[PDB]
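Have a look at the structure below, then the notes.
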Amino acid sequence: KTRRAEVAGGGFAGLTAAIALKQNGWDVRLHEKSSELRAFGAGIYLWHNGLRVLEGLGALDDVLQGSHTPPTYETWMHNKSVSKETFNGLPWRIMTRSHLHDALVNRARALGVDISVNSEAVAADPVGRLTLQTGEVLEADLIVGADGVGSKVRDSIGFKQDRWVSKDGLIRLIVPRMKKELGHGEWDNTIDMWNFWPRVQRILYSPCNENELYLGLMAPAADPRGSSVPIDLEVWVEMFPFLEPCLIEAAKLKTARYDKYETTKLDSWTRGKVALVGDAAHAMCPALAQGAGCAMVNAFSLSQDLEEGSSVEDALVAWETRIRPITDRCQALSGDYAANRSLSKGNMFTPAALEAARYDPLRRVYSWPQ
Ligand SMILES: Cc1cc2nc3c(=O)[nH]c(=O)nc-3n(C[C@H](O)[C@H](O)[C@H](O)COP(=O)(O)OP(=O)(O)OC[C@H]3O[C@@H](n4cnc5c(N)ncnc54)[C@H](O)[C@@H]3O)c2cc1C
Ligand SMILES: Cc1ncc(C(=O)O)c(CO)c1O
């Protein structure tokens, strides 16, 4: 009598899906292919939409404790401040990835979500079957493909996919704030530090709390010094000398990686009893800082549509129809911003840019008007 769900992927999308379903009385098992539950990418921004998902998941308190809302989101071009934005009170937050992940994992475990590590999904059947790498076949009423950009769940079924890969990437790190050492300034702000001269180098400066600073060091792949890991300290200090104390700390991180990005748009997100959520369905450009935000909204919204008394297959179709346009629009605008380097101008968090952020998944309305 109890509905059973199998979720592939222990990232933000899968954990959100698992918690939301479990709260609604589903028996839920989650599979993570890695040997342990961990989140990579150093730091992350969430906004009102994702904070509302966290509220709905009962995971908000653990997130807000030990995370940070800057006094303002500031943009520089060539060390000149070009904008300071506060989004008319719209809630937002910066945190380490591990901080968000821990909150979600703790909540999943408190609810009794069955979590299997070293467990890899390699195929899904729309009739409600999930196959693991070992050969084990699991039957369920709902299968969730939350297994990231290279989703085997998705690819085992076959979806029409618009794929794009970025030639350029960035190096994302957590370092000590070194706040005292930074001297005079507004070092609690988000500061997006753009430059095109003398070279294309950018740092997104993102405090996570009183102890930890999230840095995104961005340079073209064709730049053999700026794209180097561990970081080429000299070329970063040269263009960002006011961050030297933090950059010296960053240079100690020998695990640093230069990560490129892909985007994904699919003809649909569903097939029978299989739903694709998160990057598996809709990986996007990071300009609007909404990749995980949309992923969490979508995973949460999936649980909502499964409460309507419909068959799982109909609920999944209804879910995509209801919730997908917010993501399609956000993904498109982020792509345009990225292609045009729009954020470099500052003042670009317009009402349209903030549309995904303004969405409240709990009440299903748009809040915090701009
Ligand atoms: C540079 C950059 C910056 C970003 N900044 C932000 C930001 O500030 N704010 C924001 O909201 N979003 C941001 N995003 C986007 C965000 O990182 C993603 O949208 C989000 O992490 C997607 O989560 P997911 O759970 O869908 O996928 P993933 O995070 O990829 O997680 C899937 C989980 O999949 C597990 N797995 C993979 N294959 C299998 C398998 N076969 N079987 C079982 N498990 C499997 C993976 O190991 C992992 O544990 C950023 C993205 C990039 C690239
Ligand atoms: C929060 C954020 N905003 C914008 C961008 C961007 O691509 O301009 C990135 C990439 O790291 C971000 O992480």
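Going through the structure tokens in order, the chains are called A, B, and so on, while each chain numbers its residues from 1 and the ligands are numbered from 1 in the order shown.
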At most 6 Å from ligand 2 (only C-alpha atoms and all ligand atoms): residue list as a ChimeraX atom specification: /A:45,216,286-289
Contacts of residue A:361 within 9 Å, only C-alpha atoms, excl. fewer than 5 positions in-chain, as number ranges by chain: A: 49-50, 52-53, 56, 297-298, 300-301, 366
Nearest candidate to ligand 1 (options A:174, A:130, A:285, A:137; using only C-alpha atoms and all ligand atoms): A:285
Residues flagged helix (DSSP H, G or I) by DSSP in stretch 78-304 of chain A, as a PyMOL selection string: chain A and resi 87-89+97-111+152-155+180-182+233-239+241-251+279-282+286-288+291-304
Close residues, residue A:54 itself excluded, 12 Å, only C-alpha atoms, min 3 positions apart in chain, as a PDB file with N, CA, C and O atoms, in the first residue's frame:
```pdb
ATOM      1  N   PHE A  12      22.141  17.568  -4.573  1.00  0.00           N
ATOM      2  CA  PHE A  12      21.083  18.425  -4.042  1.00  0.00           C
ATOM      3  C   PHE A  12      19.711  18.061  -4.604  1.00  0.00           C
ATOM      4  O   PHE A  12      18.710  18.128  -3.899  1.00  0.00           O
ATOM      5  N   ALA A  13      19.665  17.662  -5.875  1.00  0.00           N
ATOM      6  CA  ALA A  13      18.387  17.297  -6.480  1.00  0.00           C
ATOM      7  C   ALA A  13      17.829  16.009  -5.876  1.00  0.00           C
ATOM      8  O   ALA A  13      16.658  15.947  -5.494  1.00  0.00           O
ATOM      9  N   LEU A  15      18.659  14.459  -3.007  1.00  0.00           N
ATOM     10  CA  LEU A  15      18.365  14.577  -1.583  1.00  0.00           C
ATOM     11  C   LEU A  15      17.062  15.343  -1.361  1.00  0.00           C
ATOM     12  O   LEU A  15      16.238  14.960  -0.525  1.00  0.00           O
ATOM     13  N   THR A  16      16.874  16.426  -2.112  1.00  0.00           N
ATOM     14  CA  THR A  16      15.611  17.167  -2.051  1.00  0.00           C
ATOM     15  C   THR A  16      14.427  16.269  -2.406  1.00  0.00           C
ATOM     16  O   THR A  16      13.428  16.212  -1.684  1.00  0.00           O
ATOM     17  N   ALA A  17      14.545  15.547  -3.514  1.00  0.00           N
ATOM     18  CA  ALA A  17      13.473  14.655  -3.932  1.00  0.00           C
ATOM     19  C   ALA A  17      13.171  13.619  -2.856  1.00  0.00           C
ATOM     20  O   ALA A  17      12.011  13.373  -2.538  1.00  0.00           O
ATOM     21  N   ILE A  19      13.829  13.595   0.446  1.00  0.00           N
ATOM     22  CA  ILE A  19      13.225  14.172   1.642  1.00  0.00           C
ATOM     23  C   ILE A  19      11.760  14.515   1.415  1.00  0.00           C
ATOM     24  O   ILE A  19      10.897  14.173   2.229  1.00  0.00           O
ATOM     25  N   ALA A  20      11.478  15.203   0.312  1.00  0.00           N
ATOM     26  CA  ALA A  20      10.120  15.647   0.024  1.00  0.00           C
ATOM     27  C   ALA A  20       9.164  14.454  -0.123  1.00  0.00           C
ATOM     28  O   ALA A  20       8.044  14.483   0.385  1.00  0.00           O
ATOM     29  N   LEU A  46      22.279  30.450  -2.693  1.00  0.00           N
ATOM     30  CA  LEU A  46      20.850  30.179  -2.813  1.00  0.00           C
ATOM     31  C   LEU A  46      20.056  31.473  -2.685  1.00  0.00           C
ATOM     32  O   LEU A  46      20.539  32.466  -2.131  1.00  0.00           O
ATOM     33  N   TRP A  47      18.826  31.451  -3.187  1.00  0.00           N
ATOM     34  CA  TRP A  47      17.954  32.615  -3.110  1.00  0.00           C
ATOM     35  C   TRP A  47      16.645  32.194  -2.466  1.00  0.00           C
ATOM     36  O   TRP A  47      16.477  31.034  -2.100  1.00  0.00           O
ATOM     37  N   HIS A  48      15.715  33.141  -2.370  1.00  0.00           N
ATOM     38  CA  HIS A  48      14.365  32.902  -1.838  1.00  0.00           C
ATOM     39  C   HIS A  48      13.737  31.578  -2.300  1.00  0.00           C
ATOM     40  O   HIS A  48      13.228  30.816  -1.484  1.00  0.00           O
ATOM     41  N   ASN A  49      13.787  31.289  -3.597  1.00  0.00           N
ATOM     42  CA  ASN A  49      13.179  30.045  -4.069  1.00  0.00           C
ATOM     43  C   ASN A  49      13.760  28.799  -3.405  1.00  0.00           C
ATOM     44  O   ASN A  49      13.008  27.938  -2.943  1.00  0.00           O
ATOM     45  N   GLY A  50      15.085  28.714  -3.342  1.00  0.00           N
ATOM     46  CA  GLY A  50      15.734  27.561  -2.731  1.00  0.00           C
ATOM     47  C   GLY A  50      15.644  27.542  -1.211  1.00  0.00           C
ATOM     48  O   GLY A  50      15.573  26.477  -0.586  1.00  0.00           O
ATOM     49  N   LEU A  51      15.674  28.719  -0.600  1.00  0.00           N
ATOM     50  CA  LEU A  51      15.466  28.797   0.847  1.00  0.00           C
ATOM     51  C   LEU A  51      14.063  28.353   1.203  1.00  0.00           C
ATOM     52  O   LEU A  51      13.840  27.763   2.261  1.00  0.00           O
ATOM     53  N   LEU A  57      11.396  21.445   3.300  1.00  0.00           N
ATOM     54  CA  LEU A  57      12.071  20.181   3.600  1.00  0.00           C
ATOM     55  C   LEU A  57      12.386  20.018   5.081  1.00  0.00           C
ATOM     56  O   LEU A  57      12.887  18.972   5.503  1.00  0.00           O
ATOM     57  N   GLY A  58      12.124  21.059   5.864  1.00  0.00           N
ATOM     58  CA  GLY A  58      12.547  21.073   7.252  1.00  0.00           C
ATOM     59  C   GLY A  58      14.051  21.066   7.434  1.00  0.00           C
ATOM     60  O   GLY A  58      14.560  20.522   8.424  1.00  0.00           O
ATOM     61  N   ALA A  59      14.762  21.686   6.493  1.00  0.00           N
ATOM     62  CA  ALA A  59      16.226  21.737   6.520  1.00  0.00           C
ATOM     63  C   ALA A  59      16.771  23.169   6.530  1.00  0.00           C
ATOM     64  O   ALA A  59      17.979  23.382   6.399  1.00  0.00           O
ATOM     65  N   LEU A  60      15.884  24.144   6.685  1.00  0.00           N
ATOM     66  CA  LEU A  60      16.288  25.543   6.629  1.00  0.00           C
ATOM     67  C   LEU A  60      17.149  25.964   7.827  1.00  0.00           C
ATOM     68  O   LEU A  60      18.143  26.666   7.661  1.00  0.00           O
ATOM     69  N   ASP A  61      16.773  25.538   9.031  1.00  0.00           N
ATOM     70  CA  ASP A  61      17.465  26.018  10.231  1.00  0.00           C
ATOM     71  C   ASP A  61      18.946  25.659  10.217  1.00  0.00           C
ATOM     72  O   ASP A  61      19.793  26.488  10.547  1.00  0.00           O
ATOM     73  N   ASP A  62      19.252  24.427   9.812  1.00  0.00           N
ATOM     74  CA  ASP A  62      20.627  23.959   9.762  1.00  0.00           C
ATOM     75  C   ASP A  62      21.420  24.698   8.688  1.00  0.00           C
ATOM     76  O   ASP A  62      22.639  24.810   8.788  1.00  0.00           O
ATOM     77  N   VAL A  63      20.731  25.189   7.658  1.00  0.00           N
ATOM     78  CA  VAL A  63      21.406  25.947   6.599  1.00  0.00           C
ATOM     79  C   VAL A  63      21.707  27.387   7.022  1.00  0.00           C
ATOM     80  O   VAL A  63      22.838  27.854   6.887  1.00  0.00           O
ATOM     81  N   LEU A  64      20.707  28.087   7.549  1.00  0.00           N
ATOM     82  CA  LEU A  64      20.904  29.488   7.921  1.00  0.00           C
ATOM     83  C   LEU A  64      21.931  29.655   9.031  1.00  0.00           C
ATOM     84  O   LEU A  64      22.725  30.595   9.009  1.00  0.00           O
ATOM     85  N   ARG A  93      21.431  33.811   0.171  1.00  0.00           N
ATOM     86  CA  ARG A  93      22.372  33.230   1.118  1.00  0.00           C
ATOM     87  C   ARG A  93      23.556  32.601   0.400  1.00  0.00           C
ATOM     88  O   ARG A  93      23.417  32.051  -0.699  1.00  0.00           O
ATOM     89  N   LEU A 100      25.475  22.971   2.912  1.00  0.00           N
ATOM     90  CA  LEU A 100      24.140  22.702   2.393  1.00  0.00           C
ATOM     91  C   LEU A 100      23.920  21.198   2.341  1.00  0.00           C
ATOM     92  O   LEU A 100      22.853  20.692   2.696  1.00  0.00           O
ATOM     93  N   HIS A 101      24.953  20.487   1.905  1.00  0.00           N
ATOM     94  CA  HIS A 101      24.852  19.045   1.747  1.00  0.00           C
ATOM     95  C   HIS A 101      24.605  18.392   3.099  1.00  0.00           C
ATOM     96  O   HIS A 101      23.729  17.533   3.223  1.00  0.00           O
ATOM     97  N   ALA A 103      23.193  19.639   5.742  1.00  0.00           N
ATOM     98  CA  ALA A 103      21.834  19.909   6.204  1.00  0.00           C
ATOM     99  C   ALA A 103      20.842  18.953   5.561  1.00  0.00           C
ATOM    100  O   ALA A 103      19.953  18.435   6.226  1.00  0.00           O
ATOM    101  N   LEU A 104      21.009  18.718   4.262  1.00  0.00           N
ATOM    102  CA  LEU A 104      20.121  17.833   3.521  1.00  0.00           C
ATOM    103  C   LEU A 104      20.316  16.377   3.930  1.00  0.00           C
ATOM    104  O   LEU A 104      19.344  15.660   4.137  1.00  0.00           O
ATOM    105  N   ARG A 107      18.855  15.763   7.406  1.00  0.00           N
ATOM    106  CA  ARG A 107      17.396  15.725   7.352  1.00  0.00           C
ATOM    107  C   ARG A 107      16.886  14.417   6.738  1.00  0.00           C
ATOM    108  O   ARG A 107      15.911  13.825   7.229  1.00  0.00           O
ATOM    109  N   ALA A 292      21.122  24.876  -8.958  1.00  0.00           N
ATOM    110  CA  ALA A 292      20.623  24.062  -7.857  1.00  0.00           C
ATOM    111  C   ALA A 292      19.283  24.585  -7.347  1.00  0.00           C
ATOM    112  O   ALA A 292      18.434  23.802  -6.906  1.00  0.00           O
ATOM    113  N   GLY A 293      19.093  25.904  -7.419  1.00  0.00           N
ATOM    114  CA  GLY A 293      17.830  26.506  -7.011  1.00  0.00           C
ATOM    115  C   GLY A 293      16.674  25.927  -7.809  1.00  0.00           C
ATOM    116  O   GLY A 293      15.661  25.463  -7.260  1.00  0.00           O
ATOM    117  N   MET A 296      16.201  22.190  -6.973  1.00  0.00           N
ATOM    118  CA  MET A 296      15.505  21.942  -5.724  1.00  0.00           C
ATOM    119  C   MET A 296      14.023  22.270  -5.827  1.00  0.00           C
ATOM    120  O   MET A 296      13.182  21.522  -5.327  1.00  0.00           O
ATOM    121  N   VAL A 297      13.703  23.383  -6.483  1.00  0.00           N
ATOM    122  CA  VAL A 297      12.312  23.722  -6.756  1.00  0.00           C
ATOM    123  C   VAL A 297      11.629  22.608  -7.553  1.00  0.00           C
ATOM    124  O   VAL A 297      10.506  22.189  -7.244  1.00  0.00           O
ATOM    125  N   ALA A 299      12.500  19.365  -7.823  1.00  0.00           N
ATOM    126  CA  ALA A 299      12.394  18.122  -7.063  1.00  0.00           C
ATOM    127  C   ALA A 299      11.295  18.240  -6.019  1.00  0.00           C
ATOM    128  O   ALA A 299      10.539  17.293  -5.782  1.00  0.00           O
ATOM    129  N   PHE A 300      11.205  19.408  -5.392  1.00  0.00           N
ATOM    130  CA  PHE A 300      10.173  19.617  -4.388  1.00  0.00           C
ATOM    131  C   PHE A 300       8.797  19.597  -5.059  1.00  0.00           C
ATOM    132  O   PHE A 300       7.840  19.014  -4.546  1.00  0.00           O
ATOM    133  N   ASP A 360       7.997  31.235  -5.099  1.00  0.00           N
ATOM    134  CA  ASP A 360       7.829  30.499  -3.852  1.00  0.00           C
ATOM    135  C   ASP A 360       7.131  29.167  -4.121  1.00  0.00           C
ATOM    136  O   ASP A 360       5.925  29.138  -4.361  1.00  0.00           O
ATOM    137  N   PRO A 361       7.880  28.061  -4.037  1.00  0.00           N
ATOM    138  CA  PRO A 361       7.324  26.736  -4.327  1.00  0.00           C
ATOM    139  C   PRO A 361       6.304  26.299  -3.282  1.00  0.00           C
ATOM    140  O   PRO A 361       5.484  25.437  -3.569  1.00  0.00           O
ATOM    141  N   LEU A 362       6.351  26.881  -2.085  1.00  0.00           N
ATOM    142  CA  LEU A 362       5.437  26.445  -1.035  1.00  0.00           C
ATOM    143  C   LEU A 362       4.026  26.936  -1.314  1.00  0.00           C
ATOM    144  O   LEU A 362       3.071  26.159  -1.256  1.00  0.00           O
TER     145      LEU A 362
END
```
Neighbour list for residue A:185 as a ChimeraX atom specification, cut-off 12 Å, only C-alpha atoms, skip fewer than 5 positions in-chain: /A:81,179-180,191,242-243
For the residues in that selection, give me N, CA, C and O atoms as a PDB file, in the first residue's frame.
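Listing of out.pdb after writing:
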```pdb
ATOM      1  N   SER A  81      33.927  50.123  -8.598  1.00  0.00           N
ATOM      2  CA  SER A  81      32.607  49.619  -8.246  1.00  0.00           C
ATOM      3  C   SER A  81      31.563  50.171  -9.209  1.00  0.00           C
ATOM      4  O   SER A  81      31.425  51.387  -9.343  1.00  0.00           O
ATOM      5  N   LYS A 179      39.969  38.272   7.199  1.00  0.00           N
ATOM      6  CA  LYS A 179      39.265  39.553   7.144  1.00  0.00           C
ATOM      7  C   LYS A 179      40.127  40.722   7.633  1.00  0.00           C
ATOM      8  O   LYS A 179      40.194  41.774   6.986  1.00  0.00           O
ATOM      9  N   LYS A 180      40.796  40.526   8.766  1.00  0.00           N
ATOM     10  CA  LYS A 180      41.699  41.546   9.305  1.00  0.00           C
ATOM     11  C   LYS A 180      42.792  41.928   8.303  1.00  0.00           C
ATOM     12  O   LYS A 180      43.089  43.113   8.088  1.00  0.00           O
ATOM     13  N   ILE A 191      31.470  40.331  -3.957  1.00  0.00           N
ATOM     14  CA  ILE A 191      32.092  41.232  -4.917  1.00  0.00           C
ATOM     15  C   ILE A 191      32.476  40.453  -6.171  1.00  0.00           C
ATOM     16  O   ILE A 191      33.314  39.557  -6.118  1.00  0.00           O
ATOM     17  N   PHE A 242      44.658  43.280  -3.635  1.00  0.00           N
ATOM     18  CA  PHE A 242      43.907  43.506  -2.399  1.00  0.00           C
ATOM     19  C   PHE A 242      43.376  42.195  -1.816  1.00  0.00           C
ATOM     20  O   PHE A 242      42.855  42.179  -0.699  1.00  0.00           O
ATOM     21  N   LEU A 243      43.488  41.098  -2.568  1.00  0.00           N
ATOM     22  CA  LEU A 243      43.079  39.797  -2.050  1.00  0.00           C
ATOM     23  C   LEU A 243      44.270  38.897  -1.731  1.00  0.00           C
ATOM     24  O   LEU A 243      44.097  37.711  -1.463  1.00  0.00           O
TER      25      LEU A 243
END
```
Picked from stretch 29-147 of chain A by DSSP as strand (DSSP E or B), as number ranges by chain: A: 29-31, 43-47, 68, 73-77, 80-85, 92-96, 114-116, 121-125, 129-132, 137-139, 142-145
Take the residues from that selection and put them in a file with C-alpha atoms, as a PDB file, in the first residue's frame.
```pdb
ATOM      1  CA  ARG A  29      15.684   4.627  -1.213  1.00  0.00           C
ATOM      2  CA  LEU A  30      18.483   6.834  -2.538  1.00  0.00           C
ATOM      3  CA  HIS A  31      21.520   5.544  -4.429  1.00  0.00           C
ATOM      4  CA  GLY A  43      30.594  27.147  -2.388  1.00  0.00           C
ATOM      5  CA  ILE A  44      27.043  27.920  -3.484  1.00  0.00           C
ATOM      6  CA  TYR A  45      24.513  30.770  -3.629  1.00  0.00           C
ATOM      7  CA  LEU A  46      20.850  30.179  -2.813  1.00  0.00           C
ATOM      8  CA  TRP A  47      17.954  32.615  -3.110  1.00  0.00           C
ATOM      9  CA  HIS A  68      25.914  34.299   5.281  1.00  0.00           C
ATOM     10  CA  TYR A  73      25.951  42.092  -3.977  1.00  0.00           C
ATOM     11  CA  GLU A  74      28.626  44.347  -5.478  1.00  0.00           C
ATOM     12  CA  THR A  75      30.150  44.303  -8.980  1.00  0.00           C
ATOM     13  CA  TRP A  76      33.520  45.813  -9.984  1.00  0.00           C
ATOM     14  CA  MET A  77      34.960  46.386 -13.431  1.00  0.00           C
ATOM     15  CA  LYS A  80      35.891  50.314 -10.025  1.00  0.00           C
ATOM     16  CA  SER A  81      32.607  49.619  -8.246  1.00  0.00           C
ATOM     17  CA  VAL A  82      29.849  49.715 -10.885  1.00  0.00           C
ATOM     18  CA  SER A  83      26.863  48.496  -8.853  1.00  0.00           C
ATOM     19  CA  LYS A  84      25.578  47.453  -5.441  1.00  0.00           C
ATOM     20  CA  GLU A  85      22.381  45.407  -5.484  1.00  0.00           C
ATOM     21  CA  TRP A  92      19.487  35.118  -0.433  1.00  0.00           C
ATOM     22  CA  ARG A  93      22.372  33.230   1.118  1.00  0.00           C
ATOM     23  CA  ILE A  94      25.917  32.005   0.510  1.00  0.00           C
ATOM     24  CA  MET A  95      27.329  28.833   2.050  1.00  0.00           C
ATOM     25  CA  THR A  96      29.888  26.130   1.468  1.00  0.00           C
ATOM     26  CA  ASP A 114      17.254   4.563   3.016  1.00  0.00           C
ATOM     27  CA  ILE A 115      20.624   5.727   1.655  1.00  0.00           C
ATOM     28  CA  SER A 116      22.927   3.348  -0.216  1.00  0.00           C
ATOM     29  CA  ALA A 121      22.198   3.309 -11.339  1.00  0.00           C
ATOM     30  CA  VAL A 122      23.013   2.167 -14.889  1.00  0.00           C
ATOM     31  CA  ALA A 123      19.550   1.851 -16.398  1.00  0.00           C
ATOM     32  CA  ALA A 124      15.940   2.802 -15.815  1.00  0.00           C
ATOM     33  CA  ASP A 125      12.770   1.340 -17.258  1.00  0.00           C
ATOM     34  CA  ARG A 129      12.500  -0.588 -12.758  1.00  0.00           C
ATOM     35  CA  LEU A 130      15.967   0.617 -11.797  1.00  0.00           C
ATOM     36  CA  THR A 131      19.062  -1.420 -12.615  1.00  0.00           C
ATOM     37  CA  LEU A 132      22.256  -1.080 -10.576  1.00  0.00           C
ATOM     38  CA  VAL A 137      17.064  -4.815 -10.615  1.00  0.00           C
ATOM     39  CA  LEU A 138      14.782  -2.809  -8.309  1.00  0.00           C
ATOM     40  CA  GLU A 139      11.050  -2.342  -8.820  1.00  0.00           C
ATOM     41  CA  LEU A 142       8.529   6.039  -9.069  1.00  0.00           C
ATOM     42  CA  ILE A 143      12.079   6.302 -10.374  1.00  0.00           C
ATOM     43  CA  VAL A 144      13.936   9.603 -10.001  1.00  0.00           C
ATOM     44  CA  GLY A 145      16.943  10.326 -12.209  1.00  0.00           C
TER      45      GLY A 145
END
```
Long-range neighbours of residue A:256 as a list in words, 12 Å cut-off, only C-alpha atoms, 6 positions minimum in chain: residues 40, 41, 42, 170, 171, 172, 173, 174, 175, 215, 216, 217, 227, 228, 229, 230, 231, 232, 249 and 250 of chain A
Residues near residue A:9, cut-off 6 Å, only C-alpha atoms, skip fewer than 3 positions along chain, as a PyMOL selection string: chain A and resi 14+31-32+146-147
Any chance you can output those residues with N, CA, C and O atoms as a PDB file, in the first residue's frame?
```
ATOM      1  N   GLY A  14      18.669  14.979  -5.804  1.00  0.00           N
ATOM      2  CA  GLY A  14      18.246  13.693  -5.269  1.00  0.00           C
ATOM      3  C   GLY A  14      17.865  13.750  -3.805  1.00  0.00           C
ATOM      4  O   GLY A  14      16.866  13.148  -3.393  1.00  0.00           O
ATOM      5  N   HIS A  31      20.285   6.208  -4.024  1.00  0.00           N
ATOM      6  CA  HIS A  31      21.520   5.544  -4.429  1.00  0.00           C
ATOM      7  C   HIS A  31      22.572   6.568  -4.819  1.00  0.00           C
ATOM      8  O   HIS A  31      22.339   7.411  -5.678  1.00  0.00           O
ATOM      9  N   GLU A  32      23.727   6.483  -4.182  1.00  0.00           N
ATOM     10  CA  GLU A  32      24.850   7.347  -4.522  1.00  0.00           C
ATOM     11  C   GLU A  32      26.013   6.482  -4.981  1.00  0.00           C
ATOM     12  O   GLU A  32      26.458   5.600  -4.246  1.00  0.00           O
ATOM     13  N   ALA A 146      18.294  11.631 -10.701  1.00  0.00           N
ATOM     14  CA  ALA A 146      18.908  12.827 -10.140  1.00  0.00           C
ATOM     15  C   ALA A 146      20.422  12.649 -10.181  1.00  0.00           C
ATOM     16  O   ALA A 146      21.137  13.058  -9.260  1.00  0.00           O
ATOM     17  N   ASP A 147      20.906  12.026 -11.258  1.00  0.00           N
ATOM     18  CA  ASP A 147      22.287  11.572 -11.302  1.00  0.00           C
ATOM     19  C   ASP A 147      23.221  12.473 -12.100  1.00  0.00           C
ATOM     20  O   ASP A 147      24.273  12.029 -12.566  1.00  0.00           O
TER      21      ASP A 147
END
```
Distance of atom CA of residue A:10 from atom CA of residue A:260, expressed in Å to one decimal place: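 Value for the atom CA of residue A:260-atom CA of residue A:10 distance: 21.2 Å.
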Contact residues around residue A:233 with only C-alpha atoms at 8 Å, ignoring same-chain residues under 3 positions, as a PyMOL selection string: chain A and resi 236-237+247-248+251
Atom-to-atom span, atom CA of residue A:141 and atom CA of residue A:157, Å: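 Interatomic distance, atom CA of residue A:141 to atom CA of residue A:157: 16.9 Å.
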Nearest-residue call for ligand 1, choices A:202, A:273, A:177, A:282, using only C-alpha atoms and all ligand atoms: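 That would be A:282, the residue with the smallest distance to ligand 1.
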